[PDB]
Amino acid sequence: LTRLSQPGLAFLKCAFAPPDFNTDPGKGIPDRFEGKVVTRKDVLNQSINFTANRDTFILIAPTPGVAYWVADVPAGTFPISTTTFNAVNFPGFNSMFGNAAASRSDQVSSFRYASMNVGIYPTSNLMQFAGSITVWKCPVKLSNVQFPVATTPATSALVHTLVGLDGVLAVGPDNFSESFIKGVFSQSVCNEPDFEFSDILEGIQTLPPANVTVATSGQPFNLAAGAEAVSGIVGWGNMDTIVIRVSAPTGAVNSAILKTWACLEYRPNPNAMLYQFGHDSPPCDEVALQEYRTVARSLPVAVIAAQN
């Protein structure tokens, strides 16, 4: 493929087949910008036993620093307004985003996603597993909600709110489902015509933020990054969210290796100590950029872990 640039081609690689190489090729987004950046390749490997007779919901969202968001519910049900998704961080979070709700941008200021994958590698033997895996994607964007509050001068509140989480409550005609033992592999893709830099947000530990009701936010349910010294919502990139629903009957022993990948381009702060690891985003690769979009529209919602 002697039309693609060295990096145009590494892009495609990191983008769609991370697990197929000894070490991650990814080397930045071959678009027009060629500013100073630091490409970070977050990987999370996790041994996990899906709780029996429950429906585990995993969300692979474009929230820098956190690998996935999980929650479980009574089998056959979906997250209700009372449900809270908890965050599972990729290694190195604090080293990257601090440990205070308002120190998110000490090291880095903005970021853009170049990749986001997930794979489930069943580990149970042929006599113990039972359940299925279902995947679907959803355009959840981070918008705002404006509502009058009854303070004294008498205000009007404008706060952050996730829009599109409503599509978590149902498996659409565009899904992948199959026996748990088969495992899965999936990728997300840029949900915008271009690849722009997203700003780092400050002080979001939970969404809806505290002292705002779910119902006010308009979110079907809520996401909590938890304690500020442990994790946080530092942003929300331009990728569709990947919904994974693991289902397991009682008596089943369903275990797997959860693996997540996310390649991103960060704008290093000259004061940050990760700066000297920086580089320039690579030059425009018209062919890679095109081939990216068509390959994207050509793949299935997901595939079994045997072809990954």
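Position 1 is the first residue in the sequence shown; the rest follow in order.
Between the stretches 182-190 and 153-161, it is 153-161 that shows the larger average CA temperature factor. Averaged over CA atoms, B-factors in the entry run higher in 22-30 than in the other of 22-30 and 65-73. When the C-alpha B-factors of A52, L59, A272, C263 are ranked from the entry, the top spot goes to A272. Considering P209, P139, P122, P173 together, the PDB entry gives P173 the largest C-alpha B factor.
Annotation for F97: C-alpha temperature factor in the highest third relative to the rest of the modelled chain, per the entry. Among the modelled residues of its chain, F85 has a C-alpha B-factor that falls in the highest third according to the deposited record. In the deposited entry, the Cα temperature factor of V43 sits in the bottom third of values across the chain's modelled residues. When the CA B factors of the chain's modelled residues are split into thirds, the value for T250 lands in the highest one.
Per-chain ranking of the deposited C-alpha B factor places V118 in the lowest third.
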